[PDB]
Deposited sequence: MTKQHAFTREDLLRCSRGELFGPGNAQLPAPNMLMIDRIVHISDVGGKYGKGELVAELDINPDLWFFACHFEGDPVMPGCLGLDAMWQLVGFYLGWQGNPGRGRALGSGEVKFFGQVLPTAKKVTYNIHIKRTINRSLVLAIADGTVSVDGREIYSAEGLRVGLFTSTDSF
């Protein structure tokens, strides 16, 4: 709960276990990492008064998922945009100083009503923390947007921290 913005290099440090420390929350490394930068994170304000994350992924035509998904119909997988939102809620719990390794526990309603094409410039994630239950877990609502346009929503994103993940 010191830094309120993180750079790509900060996020790669996190993926190595070197931001929050060994045994604590880690972002995935490439090619599962679906965030370039966290432009803002806070534990106050947001839609519910329990904090907010705003993060960005830069798009170019050469990103790996465009060639295989699908052949002659390139589109960013919806599952990876949803994953970015789980990734961010895990980051939030680690950023708050809780111990242990992140697992996605699932979500309420998810809706896809738009897409990320290879001609897009930038994906923005808006995450509104709804509740932290202190085993340690966060509930959040999120949206995925591409160059200003909302395309995906998730209600009741759930992520937990595990001080032993072997009971799972």
*Where are the holes in the model when you compare it to the deposited sequence?*
1, 136-137
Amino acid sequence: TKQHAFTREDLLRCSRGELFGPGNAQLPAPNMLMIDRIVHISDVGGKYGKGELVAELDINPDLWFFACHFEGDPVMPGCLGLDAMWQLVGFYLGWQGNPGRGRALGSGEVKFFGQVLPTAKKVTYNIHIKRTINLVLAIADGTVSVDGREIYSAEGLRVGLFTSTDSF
From here on, numbers count along this sequence of modelled residues.
*Which has higher Cα B-factors on average according to the PDB entry: 150-158 or 14-22?*
14-22
*Looking at the entry, does 43-51 or 108-116 show the higher mean C-alpha B-factor?*
43-51
*Using the B-factors in the PDB entry, rank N31's C-alpha atom against the chain and give the third, lowest, middle or highest.*
middle
*Among the chain's modelled residues, which third holds the C-alpha B-factor of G78?*
lowest
*Among the chain's modelled residues, which third holds the C-alpha B-factor of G100?*
middle
*Lowest, middle or highest third of the chain for the C-alpha temperature factor of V136?*
highest
*Quick one: classify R37 as lowest, middle or highest third of the chain based on its Cα B-factor.*
highest
